[PDB]
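Down below is the structure, laid out as structure tokens.
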There are 2 protein chains.
Amino acid sequence: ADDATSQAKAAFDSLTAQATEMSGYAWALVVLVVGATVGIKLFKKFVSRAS
Amino acid sequence: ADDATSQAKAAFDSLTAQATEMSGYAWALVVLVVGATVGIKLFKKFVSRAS
């Protein structure tokens with residue numbers, strides 16, 4: 001049934017938009033972990049600069 | 001009687017054409033059950049693909 005594939009198609013479009021919403025939180029979580037590594041690694045840069 | 005076998009022959013041809021009409025609905029009913037299994041089993045394929 002091609003009417004059957006219309007029901008499955010609309011639900012797969014809602015599930016892939018759910019994947020872009022959760023993946024958007026994955027870009028923002030690695031935003032805050034990379035903010036920790038840039039701050040901390042500049043602290044170690046000052047360690048070697050005064051050494 | 002061979003005239004007797006002419007009456008029985010024509011009624012057996014109508015009964016076997018009735019068997020092809022009902023069997024045609026059996027091909028179409030298993031059309032819609034196999035449409036359910038192809039749709040649903042591609043849903044389970046997406047389950048393992050994102051896993």
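Residue numbers start at 1 in each chain; chains themselves are named A, B, ... in the order of the structure tokens; ligands are numbered from 1 in the order shown.
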Could you give me chain A least-squares fitted onto chain B (all C-alpha atoms, paired in order), as an mmCIF file with C-alpha atoms, in the first residue's frame?
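Just written: selection.cif:
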```
data_model
loop_
_atom_site.group_PDB
_atom_site.id
_atom_site.type_symbol
_atom_site.label_atom_id
_atom_site.label_comp_id
_atom_site.auth_asym_id
_atom_site.auth_seq_id
_atom_site.Cartn_x
_atom_site.Cartn_y
_atom_site.Cartn_z
ATOM 1 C CA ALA A 1 -25.409 -40.522 -19.849
ATOM 2 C CA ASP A 2 -23.110 -38.277 -21.877
ATOM 3 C CA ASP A 3 -25.765 -35.483 -21.898
ATOM 4 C CA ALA A 4 -25.577 -35.787 -18.048
ATOM 5 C CA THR A 5 -21.782 -35.149 -18.231
ATOM 6 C CA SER A 6 -22.455 -31.987 -20.360
ATOM 7 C CA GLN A 7 -24.597 -30.487 -17.504
ATOM 8 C CA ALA A 8 -21.942 -31.429 -14.873
ATOM 9 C CA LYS A 9 -19.076 -30.063 -17.090
ATOM 10 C CA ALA A 10 -20.582 -26.528 -17.505
ATOM 11 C CA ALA A 11 -21.307 -26.232 -13.750
ATOM 12 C CA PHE A 12 -17.729 -27.373 -12.883
ATOM 13 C CA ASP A 13 -16.346 -24.629 -15.243
ATOM 14 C CA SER A 14 -18.439 -21.972 -13.372
ATOM 15 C CA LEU A 15 -17.224 -23.381 -9.974
ATOM 16 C CA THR A 16 -13.497 -23.288 -11.045
ATOM 17 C CA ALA A 17 -13.898 -19.650 -12.290
ATOM 18 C CA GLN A 18 -15.440 -18.912 -8.835
ATOM 19 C CA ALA A 19 -12.205 -20.420 -7.343
ATOM 20 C CA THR A 20 -10.045 -18.004 -9.446
ATOM 21 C CA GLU A 21 -12.221 -14.978 -8.320
ATOM 22 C CA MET A 22 -11.920 -15.845 -4.560
ATOM 23 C CA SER A 23 -8.196 -16.779 -4.984
ATOM 24 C CA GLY A 24 -7.698 -13.293 -6.585
ATOM 25 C CA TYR A 25 -8.906 -11.764 -3.286
ATOM 26 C CA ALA A 26 -6.371 -14.090 -1.513
ATOM 27 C CA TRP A 27 -3.474 -12.592 -3.550
ATOM 28 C CA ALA A 28 -4.746 -9.035 -2.694
ATOM 29 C CA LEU A 29 -5.221 -9.776 1.073
ATOM 30 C CA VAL A 30 -1.618 -11.125 1.269
ATOM 31 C CA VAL A 31 -0.638 -7.955 -0.754
ATOM 32 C CA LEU A 32 -1.804 -5.802 2.240
ATOM 33 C CA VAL A 33 -0.263 -8.092 4.957
ATOM 34 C CA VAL A 34 3.112 -8.043 3.026
ATOM 35 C CA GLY A 35 2.809 -4.190 2.826
ATOM 36 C CA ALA A 36 2.550 -4.212 6.653
ATOM 37 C CA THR A 37 5.679 -6.454 6.954
ATOM 38 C CA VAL A 38 7.809 -4.363 4.463
ATOM 39 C CA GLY A 39 6.860 -1.031 6.194
ATOM 40 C CA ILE A 40 7.276 -2.332 9.807
ATOM 41 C CA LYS A 41 10.534 -4.244 8.985
ATOM 42 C CA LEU A 42 12.075 -1.069 7.482
ATOM 43 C CA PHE A 43 11.120 0.659 10.810
ATOM 44 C CA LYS A 44 13.224 -2.041 12.621
ATOM 45 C CA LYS A 45 16.040 -1.465 10.032
ATOM 46 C CA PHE A 46 16.189 2.246 11.131
ATOM 47 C CA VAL A 47 16.289 0.981 14.809
ATOM 48 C CA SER A 48 19.545 -0.967 14.106
ATOM 49 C CA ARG A 49 20.973 1.802 11.791
ATOM 50 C CA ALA A 50 20.830 4.487 14.534
ATOM 51 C CA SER A 51 22.059 1.875 17.125
#
```
